[PDB]
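Everything below belongs to final.csv, which stores CSV, N, CA and C atoms and all ligand atoms.
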```
chain,number,residue,atom,x,y,z
D,1,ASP,N,-84.1,-132.8,-25.6
D,1,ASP,CA,-83.6,-131.5,-26.0
D,1,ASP,C,-82.2,-131.5,-26.6
D,2,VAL,N,-81.2,-131.2,-25.8
D,2,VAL,CA,-79.9,-131.2,-26.1
D,2,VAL,C,-79.2,-132.4,-25.5
D,3,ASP,N,-79.8,-133.4,-24.9
D,3,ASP,CA,-79.1,-134.5,-24.2
D,3,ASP,C,-79.5,-135.9,-24.7
D,4,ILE,N,-80.7,-136.4,-24.3
D,4,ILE,CA,-81.3,-137.6,-24.8
D,4,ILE,C,-81.6,-137.5,-26.3
D,5,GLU,N,-82.1,-136.3,-26.8
D,5,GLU,CA,-82.3,-136.1,-28.2
D,5,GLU,C,-80.9,-136.0,-28.9
D,6,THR,N,-79.9,-135.5,-28.2
D,6,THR,CA,-78.6,-135.6,-28.7
D,6,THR,C,-78.1,-137.0,-29.0
D,7,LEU,N,-78.3,-137.9,-28.0
D,7,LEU,CA,-78.0,-139.3,-28.2
D,7,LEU,C,-78.8,-139.9,-29.5
D,8,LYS,N,-80.1,-139.6,-29.6
D,8,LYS,CA,-80.8,-140.1,-30.7
D,8,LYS,C,-80.3,-139.5,-32.0
D,9,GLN,N,-80.0,-138.2,-32.0
D,9,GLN,CA,-79.3,-137.6,-33.2
D,9,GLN,C,-78.0,-138.3,-33.6
D,10,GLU,N,-77.1,-138.4,-32.7
D,10,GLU,CA,-75.8,-139.1,-32.9
D,10,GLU,C,-75.9,-140.6,-33.3
D,11,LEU,N,-76.9,-141.3,-32.8
D,11,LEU,CA,-77.1,-142.7,-33.3
D,11,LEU,C,-77.5,-142.7,-34.8
D,12,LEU,N,-78.4,-141.8,-35.2
D,12,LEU,CA,-78.8,-141.7,-36.6
D,12,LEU,C,-77.6,-141.3,-37.5
D,13,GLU,N,-76.8,-140.4,-37.0
D,13,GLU,CA,-75.6,-139.9,-37.7
D,13,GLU,C,-74.7,-141.1,-38.0
D,14,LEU,N,-74.5,-141.9,-36.9
D,14,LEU,CA,-73.7,-143.2,-37.1
D,14,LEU,C,-74.3,-144.2,-38.0
D,15,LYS,N,-75.6,-144.4,-37.9
D,15,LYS,CA,-76.2,-145.2,-38.9
D,15,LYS,C,-75.9,-144.8,-40.4
D,16,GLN,N,-75.9,-143.5,-40.6
D,16,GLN,CA,-75.5,-143.0,-42.0
D,16,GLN,C,-74.1,-143.4,-42.3
D,17,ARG,N,-73.2,-143.2,-41.4
D,17,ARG,CA,-71.8,-143.5,-41.6
D,17,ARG,C,-71.7,-145.0,-41.9
D,18,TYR,N,-72.4,-145.8,-41.1
D,18,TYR,CA,-72.4,-147.3,-41.4
D,18,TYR,C,-72.8,-147.6,-42.9
D,19,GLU,N,-73.9,-146.9,-43.3
D,19,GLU,CA,-74.4,-147.1,-44.6
D,19,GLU,C,-73.4,-146.7,-45.7
D,20,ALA,N,-72.7,-145.6,-45.4
D,20,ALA,CA,-71.6,-145.1,-46.3
D,20,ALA,C,-70.5,-146.1,-46.4
D,21,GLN,N,-70.1,-146.7,-45.2
D,21,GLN,CA,-69.1,-147.7,-45.3
D,21,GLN,C,-69.5,-149.0,-46.0
D,22,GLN,N,-70.8,-149.4,-45.9
D,22,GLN,CA,-71.2,-150.6,-46.6
D,22,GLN,C,-71.0,-150.3,-48.1
D,23,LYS,N,-71.4,-149.1,-48.6
D,23,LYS,CA,-71.3,-148.7,-50.0
D,23,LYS,C,-69.8,-148.7,-50.4
D,24,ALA,N,-68.9,-148.2,-49.5
D,24,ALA,CA,-67.5,-148.2,-49.8
D,24,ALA,C,-66.8,-149.6,-49.8
D,25,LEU,N,-67.3,-150.5,-48.9
D,25,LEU,CA,-66.9,-151.9,-49.0
D,25,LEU,C,-67.2,-152.5,-50.3
D,26,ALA,N,-68.4,-152.1,-50.8
D,26,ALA,CA,-68.8,-152.7,-52.1
D,26,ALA,C,-68.0,-152.2,-53.3
D,27,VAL,N,-67.7,-150.9,-53.3
D,27,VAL,CA,-66.8,-150.3,-54.3
D,27,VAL,C,-65.5,-151.0,-54.3
D,28,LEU,N,-64.9,-151.2,-53.1
D,28,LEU,CA,-63.6,-151.8,-53.0
D,28,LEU,C,-63.7,-153.3,-53.5
D,29,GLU,N,-64.9,-153.9,-53.2
D,29,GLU,CA,-65.1,-155.3,-53.6
D,29,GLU,C,-65.0,-155.5,-55.1
D,30,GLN,N,-65.6,-154.6,-55.8
D,30,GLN,CA,-65.6,-154.5,-57.3
D,30,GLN,C,-64.2,-154.2,-57.8
D,31,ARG,N,-63.5,-153.4,-57.1
D,31,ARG,CA,-62.1,-153.1,-57.6
D,31,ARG,C,-61.2,-154.3,-57.5
D,32,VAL,N,-61.3,-155.1,-56.4
D,32,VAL,CA,-60.6,-156.4,-56.3
D,32,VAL,C,-61.0,-157.3,-57.4
D,33,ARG,N,-62.3,-157.5,-57.7
D,33,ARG,CA,-62.7,-158.4,-58.8
D,33,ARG,C,-62.1,-158.0,-60.2
D,34,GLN,N,-62.0,-156.7,-60.4
D,34,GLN,CA,-61.4,-156.3,-61.7
D,34,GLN,C,-59.9,-156.6,-61.8
D,35,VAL,N,-59.2,-156.4,-60.7
D,35,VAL,CA,-57.9,-156.9,-60.5
D,35,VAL,C,-57.9,-158.4,-60.7
D,36,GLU,N,-58.7,-159.2,-60.0
D,36,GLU,CA,-58.8,-160.7,-60.1
D,36,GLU,C,-59.0,-161.2,-61.5
D,37,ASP,N,-59.9,-160.6,-62.3
D,37,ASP,CA,-60.1,-161.2,-63.7
D,37,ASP,C,-59.4,-160.4,-64.8
D,38,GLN,N,-58.4,-159.5,-64.3
D,38,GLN,CA,-57.6,-158.7,-65.2
D,38,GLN,C,-56.2,-159.1,-65.0
V,1,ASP,N,-80.6,-152.0,-15.4
V,1,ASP,CA,-81.1,-152.1,-16.8
V,1,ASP,C,-80.8,-150.8,-17.5
V,2,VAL,N,-81.8,-150.1,-18.0
V,2,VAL,CA,-81.5,-148.9,-18.9
V,2,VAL,C,-80.9,-147.7,-18.4
V,3,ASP,N,-79.5,-147.7,-18.3
V,3,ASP,CA,-78.6,-146.7,-17.8
V,3,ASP,C,-78.3,-145.8,-19.0
V,4,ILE,N,-78.8,-144.6,-19.0
V,4,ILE,CA,-78.5,-143.6,-20.0
V,4,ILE,C,-77.0,-143.2,-20.2
V,5,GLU,N,-76.3,-143.1,-19.1
V,5,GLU,CA,-74.9,-142.9,-19.2
V,5,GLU,C,-74.2,-144.1,-19.9
V,6,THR,N,-74.7,-145.3,-19.6
V,6,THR,CA,-74.2,-146.5,-20.3
V,6,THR,C,-74.4,-146.3,-21.8
V,7,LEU,N,-75.6,-145.9,-22.2
V,7,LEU,CA,-75.9,-145.7,-23.7
V,7,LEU,C,-75.0,-144.7,-24.3
V,8,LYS,N,-74.8,-143.5,-23.7
V,8,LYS,CA,-73.9,-142.6,-24.2
V,8,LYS,C,-72.4,-143.1,-24.3
V,9,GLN,N,-72.0,-143.8,-23.3
V,9,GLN,CA,-70.6,-144.4,-23.3
V,9,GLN,C,-70.5,-145.4,-24.5
V,10,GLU,N,-71.5,-146.2,-24.7
V,10,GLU,CA,-71.4,-147.2,-25.8
V,10,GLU,C,-71.5,-146.6,-27.1
V,11,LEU,N,-72.3,-145.6,-27.3
V,11,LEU,CA,-72.3,-144.8,-28.5
V,11,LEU,C,-71.0,-144.2,-28.9
V,12,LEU,N,-70.3,-143.6,-27.9
V,12,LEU,CA,-68.9,-143.2,-28.1
V,12,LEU,C,-67.9,-144.3,-28.5
V,13,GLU,N,-68.1,-145.4,-27.8
V,13,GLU,CA,-67.3,-146.6,-28.1
V,13,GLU,C,-67.4,-147.0,-29.6
V,14,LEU,N,-68.7,-147.1,-30.0
V,14,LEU,CA,-69.0,-147.5,-31.4
V,14,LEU,C,-68.5,-146.4,-32.4
V,15,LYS,N,-68.6,-145.1,-32.1
V,15,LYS,CA,-68.0,-144.1,-32.9
V,15,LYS,C,-66.5,-144.3,-33.1
V,16,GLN,N,-65.7,-144.7,-32.1
V,16,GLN,CA,-64.3,-145.0,-32.3
V,16,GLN,C,-64.1,-146.2,-33.2
V,17,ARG,N,-64.9,-147.2,-33.0
V,17,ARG,CA,-64.8,-148.4,-33.9
V,17,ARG,C,-65.1,-148.1,-35.3
V,18,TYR,N,-66.1,-147.2,-35.6
V,18,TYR,CA,-66.3,-146.6,-36.9
V,18,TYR,C,-65.0,-146.0,-37.5
V,19,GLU,N,-64.4,-145.1,-36.7
V,19,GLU,CA,-63.2,-144.4,-37.1
V,19,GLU,C,-62.1,-145.4,-37.4
V,20,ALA,N,-62.0,-146.4,-36.6
V,20,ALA,CA,-60.9,-147.4,-36.9
V,20,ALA,C,-61.2,-148.2,-38.2
V,21,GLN,N,-62.5,-148.5,-38.4
V,21,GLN,CA,-62.8,-149.2,-39.7
V,21,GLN,C,-62.6,-148.3,-40.9
V,22,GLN,N,-62.9,-147.0,-40.8
V,22,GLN,CA,-62.6,-146.1,-41.9
V,22,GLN,C,-61.1,-146.2,-42.2
V,23,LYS,N,-60.2,-146.2,-41.2
V,23,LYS,CA,-58.8,-146.2,-41.5
V,23,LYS,C,-58.4,-147.6,-42.1
V,24,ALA,N,-59.0,-148.7,-41.7
V,24,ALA,CA,-58.8,-150.0,-42.2
V,24,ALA,C,-59.2,-150.1,-43.6
V,25,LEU,N,-60.4,-149.5,-44.0
V,25,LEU,CA,-60.8,-149.5,-45.4
V,25,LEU,C,-59.8,-148.8,-46.2
V,26,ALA,N,-59.2,-147.7,-45.7
V,26,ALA,CA,-58.2,-146.9,-46.4
V,26,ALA,C,-56.9,-147.7,-46.6
V,27,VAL,N,-56.5,-148.5,-45.6
V,27,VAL,CA,-55.3,-149.4,-45.7
V,27,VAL,C,-55.6,-150.5,-46.8
V,28,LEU,N,-56.8,-151.1,-46.8
V,28,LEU,CA,-57.1,-152.1,-47.8
V,28,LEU,C,-57.1,-151.4,-49.2
V,29,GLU,N,-57.7,-150.2,-49.3
V,29,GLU,CA,-57.7,-149.5,-50.6
V,29,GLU,C,-56.4,-149.3,-51.2
V,30,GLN,N,-55.4,-148.9,-50.4
V,30,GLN,CA,-54.0,-148.8,-50.9
V,30,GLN,C,-53.4,-150.1,-51.3
V,31,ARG,N,-53.7,-151.1,-50.5
V,31,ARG,CA,-53.2,-152.5,-50.9
V,31,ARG,C,-53.8,-153.0,-52.3
V,32,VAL,N,-55.1,-152.7,-52.5
V,32,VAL,CA,-55.7,-153.0,-53.8
V,32,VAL,C,-54.9,-152.2,-54.9
V,33,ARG,N,-54.6,-150.9,-54.6
V,33,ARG,CA,-53.9,-150.1,-55.6
V,33,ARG,C,-52.6,-150.6,-55.9
V,34,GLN,N,-51.9,-151.1,-54.9
V,34,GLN,CA,-50.6,-151.7,-55.1
V,34,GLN,C,-50.6,-152.9,-56.1
V,35,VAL,N,-51.7,-153.7,-56.0
V,35,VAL,CA,-51.9,-154.8,-57.0
V,35,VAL,C,-52.4,-154.3,-58.3
V,36,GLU,N,-53.2,-153.2,-58.4
V,36,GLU,CA,-53.7,-152.7,-59.7
V,36,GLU,C,-52.5,-152.1,-60.5
V,37,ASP,N,-51.5,-151.4,-59.8
V,37,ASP,CA,-50.4,-150.7,-60.4
V,37,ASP,C,-49.2,-151.6,-60.6
V,38,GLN,N,-49.2,-152.9,-60.1
V,38,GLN,CA,-48.1,-153.8,-60.3
V,38,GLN,C,-48.7,-155.2,-60.6
A,1,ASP,N,-90.9,-137.9,-26.9
A,1,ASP,CA,-90.1,-137.5,-28.0
A,1,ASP,C,-89.1,-138.6,-28.4
A,2,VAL,N,-88.3,-139.0,-27.4
A,2,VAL,CA,-87.3,-140.1,-27.6
A,2,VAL,C,-87.7,-141.3,-26.7
A,3,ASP,N,-87.7,-142.4,-27.3
A,3,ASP,CA,-88.0,-143.7,-26.6
A,3,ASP,C,-86.7,-144.3,-26.3
A,4,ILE,N,-86.3,-144.4,-25.0
A,4,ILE,CA,-85.0,-144.9,-24.5
A,4,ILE,C,-84.8,-146.4,-24.8
A,5,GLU,N,-85.8,-147.2,-24.6
A,5,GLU,CA,-85.6,-148.7,-25.0
A,5,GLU,C,-85.3,-148.8,-26.4
A,6,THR,N,-86.0,-148.0,-27.3
A,6,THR,CA,-85.7,-148.1,-28.7
A,6,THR,C,-84.3,-147.6,-29.0
A,7,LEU,N,-83.8,-146.5,-28.4
A,7,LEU,CA,-82.4,-146.1,-28.5
A,7,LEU,C,-81.4,-147.3,-28.2
A,8,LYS,N,-81.6,-148.0,-27.0
A,8,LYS,CA,-80.8,-149.1,-26.7
A,8,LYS,C,-80.8,-150.2,-27.7
A,9,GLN,N,-82.0,-150.5,-28.1
A,9,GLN,CA,-82.2,-151.6,-29.1
A,9,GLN,C,-81.5,-151.3,-30.4
A,10,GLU,N,-81.6,-150.1,-30.9
A,10,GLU,CA,-81.0,-149.6,-32.1
A,10,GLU,C,-79.4,-149.6,-32.0
A,11,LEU,N,-78.9,-149.2,-30.8
A,11,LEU,CA,-77.5,-149.2,-30.6
A,11,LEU,C,-76.9,-150.7,-30.7
A,12,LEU,N,-77.6,-151.6,-30.1
A,12,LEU,CA,-77.2,-153.0,-30.2
A,12,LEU,C,-77.3,-153.5,-31.6
A,13,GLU,N,-78.3,-153.1,-32.4
A,13,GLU,CA,-78.4,-153.5,-33.8
A,13,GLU,C,-77.3,-153.0,-34.6
A,14,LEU,N,-76.9,-151.7,-34.3
A,14,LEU,CA,-75.7,-151.1,-35.0
A,14,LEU,C,-74.4,-151.8,-34.6
A,15,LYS,N,-74.3,-152.2,-33.4
A,15,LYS,CA,-73.1,-153.0,-33.0
A,15,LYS,C,-73.0,-154.3,-33.8
A,16,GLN,N,-74.1,-155.0,-33.9
A,16,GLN,CA,-74.1,-156.2,-34.8
A,16,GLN,C,-73.6,-155.9,-36.2
A,17,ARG,N,-74.1,-154.8,-36.7
A,17,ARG,CA,-73.7,-154.4,-38.1
A,17,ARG,C,-72.3,-154.1,-38.2
A,18,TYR,N,-71.7,-153.4,-37.2
A,18,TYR,CA,-70.3,-153.3,-37.1
A,18,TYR,C,-69.5,-154.6,-37.1
A,19,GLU,N,-70.0,-155.5,-36.3
A,19,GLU,CA,-69.3,-156.8,-36.2
A,19,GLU,C,-69.3,-157.5,-37.5
A,20,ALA,N,-70.4,-157.4,-38.3
A,20,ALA,CA,-70.5,-158.0,-39.6
A,20,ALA,C,-69.6,-157.3,-40.6
A,21,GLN,N,-69.5,-156.0,-40.5
A,21,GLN,CA,-68.6,-155.3,-41.4
A,21,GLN,C,-67.1,-155.6,-41.1
A,22,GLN,N,-66.7,-155.8,-39.8
A,22,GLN,CA,-65.4,-156.3,-39.5
A,22,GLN,C,-65.1,-157.6,-40.2
A,23,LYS,N,-66.1,-158.5,-40.2
A,23,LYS,CA,-65.9,-159.8,-40.8
A,23,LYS,C,-65.8,-159.7,-42.3
A,24,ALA,N,-66.6,-158.8,-42.9
A,24,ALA,CA,-66.5,-158.5,-44.4
A,24,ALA,C,-65.2,-157.9,-44.8
A,25,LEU,N,-64.7,-156.9,-44.0
A,25,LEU,CA,-63.3,-156.4,-44.2
A,25,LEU,C,-62.3,-157.5,-44.3
A,26,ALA,N,-62.4,-158.4,-43.3
A,26,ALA,CA,-61.4,-159.6,-43.3
A,26,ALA,C,-61.5,-160.5,-44.5
A,27,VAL,N,-62.7,-160.7,-45.0
A,27,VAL,CA,-62.9,-161.5,-46.2
A,27,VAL,C,-62.3,-160.8,-47.4
A,28,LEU,N,-62.5,-159.5,-47.5
A,28,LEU,CA,-61.9,-158.8,-48.6
A,28,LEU,C,-60.4,-158.8,-48.5
A,29,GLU,N,-59.9,-158.6,-47.2
A,29,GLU,CA,-58.5,-158.6,-47.0
A,29,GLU,C,-57.8,-159.9,-47.6
A,30,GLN,N,-58.4,-161.1,-47.2
A,30,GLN,CA,-58.0,-162.4,-47.7
A,30,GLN,C,-58.0,-162.4,-49.3
A,31,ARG,N,-59.1,-161.9,-49.9
A,31,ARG,CA,-59.2,-161.8,-51.3
A,31,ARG,C,-58.1,-161.0,-52.0
A,32,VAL,N,-57.7,-159.9,-51.4
A,32,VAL,CA,-56.7,-159.1,-51.9
A,32,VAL,C,-55.3,-159.8,-51.8
A,33,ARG,N,-55.1,-160.5,-50.7
A,33,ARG,CA,-53.9,-161.2,-50.5
A,33,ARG,C,-53.8,-162.3,-51.5
A,34,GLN,N,-54.9,-162.9,-51.9
A,34,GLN,CA,-54.9,-164.0,-52.8
A,34,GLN,C,-54.4,-163.4,-54.1
A,35,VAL,N,-54.8,-162.2,-54.5
A,35,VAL,CA,-54.3,-161.6,-55.7
A,35,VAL,C,-52.9,-161.2,-55.6
A,36,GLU,N,-52.5,-160.7,-54.4
A,36,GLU,CA,-51.1,-160.3,-54.2
A,36,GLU,C,-50.0,-161.4,-54.3
A,37,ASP,N,-50.2,-162.4,-53.5
A,37,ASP,CA,-49.1,-163.4,-53.6
A,37,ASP,C,-49.3,-164.4,-54.7
A,38,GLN,N,-50.3,-164.2,-55.5
A,38,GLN,CA,-50.5,-165.2,-56.6
A,38,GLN,C,-49.3,-165.3,-57.4
K,101,NA,NA,-56.5,-145.0,-49.0
K,102,NA,NA,-60.1,-142.4,-49.5
K,103,NA,NA,-59.4,-140.2,-48.9
K,104,NA,NA,-53.7,-147.6,-61.4
K,105,NA,NA,-56.9,-164.6,-37.5
K,106,ZN,ZN,-68.8,-152.8,-24.2
K,107,ZN,ZN,-90.9,-147.9,-26.7
K,108,ZN,ZN,-84.1,-151.5,-35.6
K,109,ZN,ZN,-54.9,-158.8,-41.5
```
Rewrite the structure of this file - the entire thing - as structure tokens.
Amino acid sequence: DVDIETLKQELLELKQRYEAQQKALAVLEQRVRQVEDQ
Amino acid sequence: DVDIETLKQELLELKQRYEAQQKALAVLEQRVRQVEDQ
Amino acid sequence: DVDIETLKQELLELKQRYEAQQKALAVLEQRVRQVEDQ
């Protein structure tokens, strides 16, 4: 309801945040490369 | 074995580590910018 | 509705993902430094 389902909801929310950070790591990685060959 | 309070505690712990990694991404982003602009 | 073993399993999987991201942040950090003190 509002407790074990709360845990499950929050874990999914954190998975999304994980995924957003992987995408941001990749953006920053491309920014470093442009600096590197520029 | 499966302690629900333990699960909730560990989810909160991982949320704080998420938060710290966001701040570290931000630190690295500014360092990249320092090298882009100089 | 919620499978508690599954929740524990997924929390540990997300923990491993966090640990890998920490290591990836560190790799990118070294790359930036390489550009910086070059
Ligand atoms: Na920033
Ligand atoms: Na930002
Ligand atoms: Na920002
Ligand atoms: Na710039
Ligand atoms: Na070290
Ligand atoms: Zn622990
Ligand atoms: Zn099951
Ligand atoms: Zn899984
Ligand atoms: Zn460092």
Next on the checklist: Neighbours of ligand NA 104 (chain K) at 6.5 Å or closer, counting all atoms listed in the file: which residues, as a list in words?
Outcome noted: residues 33, 36 and 37 of chain V
For the reference chain A, what are the coordinates of chain D after least-squares fitting (all Cα, in-order pairing), as a short mmCIF file (atom, residue, chain, number, x, y, z; two decimals) with N, CA and C atoms, in the frame of the given file?
```cif
data_model
loop_
_atom_site.label_atom_id
_atom_site.label_comp_id
_atom_site.auth_asym_id
_atom_site.auth_seq_id
_atom_site.Cartn_x
_atom_site.Cartn_y
_atom_site.Cartn_z
N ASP D 1 -89.40 -146.33 -23.61
CA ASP D 1 -90.48 -146.60 -24.55
C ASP D 1 -90.10 -146.46 -26.02
N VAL D 2 -90.40 -145.33 -26.62
CA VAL D 2 -90.11 -144.98 -27.87
C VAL D 2 -88.97 -143.98 -27.91
N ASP D 3 -88.25 -143.62 -26.88
CA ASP D 3 -87.23 -142.55 -26.91
C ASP D 3 -85.84 -143.01 -26.42
N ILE D 4 -85.65 -143.17 -25.08
CA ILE D 4 -84.49 -143.75 -24.48
C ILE D 4 -84.31 -145.21 -24.89
N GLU D 5 -85.43 -146.03 -24.98
CA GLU D 5 -85.35 -147.37 -25.46
C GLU D 5 -85.05 -147.33 -27.00
N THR D 6 -85.52 -146.31 -27.69
CA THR D 6 -85.09 -146.12 -29.01
C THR D 6 -83.59 -145.98 -29.21
N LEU D 7 -82.99 -145.09 -28.38
CA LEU D 7 -81.55 -144.96 -28.37
C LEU D 7 -80.82 -146.40 -28.09
N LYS D 8 -81.31 -147.14 -27.08
CA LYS D 8 -80.70 -148.37 -26.83
C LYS D 8 -80.90 -149.34 -27.98
N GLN D 9 -82.10 -149.36 -28.56
CA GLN D 9 -82.29 -150.15 -29.84
C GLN D 9 -81.31 -149.80 -30.96
N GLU D 10 -81.26 -148.58 -31.33
CA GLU D 10 -80.32 -148.06 -32.36
C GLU D 10 -78.81 -148.28 -32.07
N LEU D 11 -78.42 -148.23 -30.81
CA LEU D 11 -77.00 -148.59 -30.50
C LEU D 11 -76.73 -150.09 -30.80
N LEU D 12 -77.66 -150.97 -30.42
CA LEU D 12 -77.52 -152.40 -30.71
C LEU D 12 -77.50 -152.67 -32.23
N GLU D 13 -78.34 -151.96 -32.94
CA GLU D 13 -78.46 -152.06 -34.41
C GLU D 13 -77.08 -151.76 -35.01
N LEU D 14 -76.53 -150.61 -34.51
CA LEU D 14 -75.10 -150.25 -34.96
C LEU D 14 -74.04 -151.20 -34.57
N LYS D 15 -74.09 -151.71 -33.35
CA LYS D 15 -73.20 -152.77 -33.06
C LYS D 15 -73.20 -153.99 -34.07
N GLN D 16 -74.41 -154.31 -34.49
CA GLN D 16 -74.51 -155.41 -35.57
C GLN D 16 -73.82 -154.96 -36.81
N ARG D 17 -74.06 -153.77 -37.25
CA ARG D 17 -73.49 -153.25 -38.47
C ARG D 17 -71.97 -153.29 -38.31
N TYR D 18 -71.49 -152.83 -37.15
CA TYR D 18 -69.99 -152.91 -36.90
C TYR D 18 -69.43 -154.38 -37.13
N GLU D 19 -70.21 -155.33 -36.53
CA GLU D 19 -69.81 -156.68 -36.61
C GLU D 19 -69.78 -157.21 -38.05
N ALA D 20 -70.78 -156.75 -38.80
CA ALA D 20 -70.88 -157.08 -40.27
C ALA D 20 -69.71 -156.53 -41.01
N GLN D 21 -69.33 -155.22 -40.69
CA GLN D 21 -68.18 -154.72 -41.34
C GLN D 21 -66.84 -155.37 -40.97
N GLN D 22 -66.70 -155.84 -39.70
CA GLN D 22 -65.46 -156.50 -39.35
C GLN D 22 -65.38 -157.76 -40.25
N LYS D 23 -66.49 -158.52 -40.43
CA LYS D 23 -66.55 -159.75 -41.22
C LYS D 23 -66.21 -159.39 -42.69
N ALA D 24 -66.73 -158.24 -43.21
CA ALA D 24 -66.43 -157.84 -44.55
C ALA D 24 -64.96 -157.34 -44.80
N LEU D 25 -64.38 -156.69 -43.75
CA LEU D 25 -62.95 -156.42 -43.78
C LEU D 25 -62.14 -157.63 -43.94
N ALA D 26 -62.61 -158.68 -43.21
CA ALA D 26 -61.82 -159.93 -43.28
C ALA D 26 -61.90 -160.66 -44.62
N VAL D 27 -63.09 -160.67 -45.21
CA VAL D 27 -63.30 -161.19 -46.57
C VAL D 27 -62.40 -160.50 -47.52
N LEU D 28 -62.37 -159.14 -47.47
CA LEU D 28 -61.60 -158.37 -48.40
C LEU D 28 -60.06 -158.68 -48.15
N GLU D 29 -59.76 -158.91 -46.83
CA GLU D 29 -58.36 -159.19 -46.47
C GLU D 29 -57.82 -160.43 -47.16
N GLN D 30 -58.63 -161.43 -47.17
CA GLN D 30 -58.39 -162.75 -47.84
C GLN D 30 -58.33 -162.57 -49.35
N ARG D 31 -59.14 -161.72 -49.85
CA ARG D 31 -59.08 -161.53 -51.35
C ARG D 31 -57.79 -160.88 -51.79
N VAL D 32 -57.29 -159.87 -51.02
CA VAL D 32 -55.94 -159.30 -51.25
C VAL D 32 -54.90 -160.34 -51.16
N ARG D 33 -54.86 -161.19 -50.11
CA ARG D 33 -53.82 -162.24 -50.01
C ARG D 33 -53.80 -163.23 -51.24
N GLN D 34 -54.98 -163.51 -51.74
CA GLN D 34 -54.98 -164.41 -52.92
C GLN D 34 -54.41 -163.75 -54.19
N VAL D 35 -54.73 -162.48 -54.37
CA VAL D 35 -54.07 -161.64 -55.28
C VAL D 35 -52.59 -161.63 -54.99
N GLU D 36 -52.11 -161.31 -53.79
CA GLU D 36 -50.66 -161.26 -53.37
C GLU D 36 -49.91 -162.52 -53.67
N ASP D 37 -50.46 -163.72 -53.39
CA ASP D 37 -49.61 -164.96 -53.67
C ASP D 37 -50.01 -165.69 -54.96
N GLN D 38 -50.82 -164.89 -55.83
CA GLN D 38 -51.25 -165.39 -57.12
C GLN D 38 -50.67 -164.51 -58.14
#
```
Edge lengths and centre in Å to one decimal, as lines of an AutoDock Vina configuration file, of the axis-aligned box that encloses all listed atoms of segment 16-34 of chain D with 5 Å added on every side?
```
center_x = -67.9
center_y = -150.7
center_z = -51.2
size_x = 26.0
size_y = 25.4
size_z = 31.2
```
Checklist entry - For chain D against chain A, which residues fall within 7 Å using all atoms listed in the file, given as a list in words? => result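 Putting it all together, I get residues 4, 5, 8, 29, 32, 35 and 36 of chain D.
Straight-line separation from atom N of residue 16 of chain V to atom C of residue 15 of chain A: 12.2 Å.
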Checklist entry - Any idea what the distance is between atom N of residue 12 of chain A and atom C of residue 26 of chain V? => result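 Interatomic distance here is 26.8 Å.
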Checklist entry - What does the distance between atom C of residue 20 of chain A and atom N of residue 38 of chain A come to in Å, to one decimal place? => result 25.3 Å
